């Protein structure tokens, strides 16, 4: 899969022991089907979020000389219950296995990581470095919102990643609209977005409305503090 590093007997221990955290799927050789695709979707989203995570696969598939059987055997897994998901904390030795009763899904995969690490794979659309400075945005003074608008605008102009650049535009538009009209903007843009989402939409268009609603969610406050 994309971003997934496939490992073997020679490279596995050495590669896992070079990243602070590793998520490995053991499965047949040449994997396919829905669980492998959920792992593929996990691998892409995990890269979007993190510097520090190895996403990796090991093929076992026992029909020949037996590639990687000894590696599956180290971690006690079996053609009989593939896929098996392991999370390692920096060496081949400190690992947690995803419970077999747990469906291998994007959602469970992300939960598996933050459950067991200081890593956080964020919501599709979020930019951690924008989120880090925008708590309570709607409630802070005109003058600080204006300087946050200026600080994030300069950050936006230095982003090198295409999806980050697009997601930043939506942060800045929300920032500016909230500064201009106040907390009532949240409800207006939620109603706008949710009306489109409740339409007949493609998978790809849904995802992109979800990116905006997750960005928008950043700006919700628990209480309204600032004079409207």
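Numbering follows the first chain given and starts at 1.
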**Request:** State which stretch shows the higher mean Cα B factor in the entry: 12-20 or 216-224.
**Result:** 216-224
**Request:** Select between 61-69 and 187-195 the stretch whose C-alpha atoms have the higher average B-factor in the entry.
**Result:** 61-69
**Item:** Highest-ranked of 118, 141, 83, 125 once sorted by CA temperature factor in the record
**Value:** 118
**Request:** Would you mind finding, among 100, 131, 153, 145, the residue with the largest C-alpha temperature factor in the entry?
**Result:** 100
**Prompt:** Split the chain's modelled residues into thirds by Cα B-factor; is residue 176 in the lowest, middle or highest one?
**Reply:** lowest
**Request:** Check where residue 112 lands among this chain's C-alpha B-factors and tell me if it's the lowest, middle or highest third.
**Result:** highest
**Request:** Would you mind checking where the Cα B-factor of residue 167 ranks among the modelled residues of its chain, as the lowest, middle or highest third?
**Result:** lowest
**Message:** Test of reading the entry: by CA B factor among the chain's modelled residues, which third contains residue 137?
**Reply:** lowest
**Fill in**
The third of the chain into which the C-alpha temperature factor of residue 26 falls is the lowest
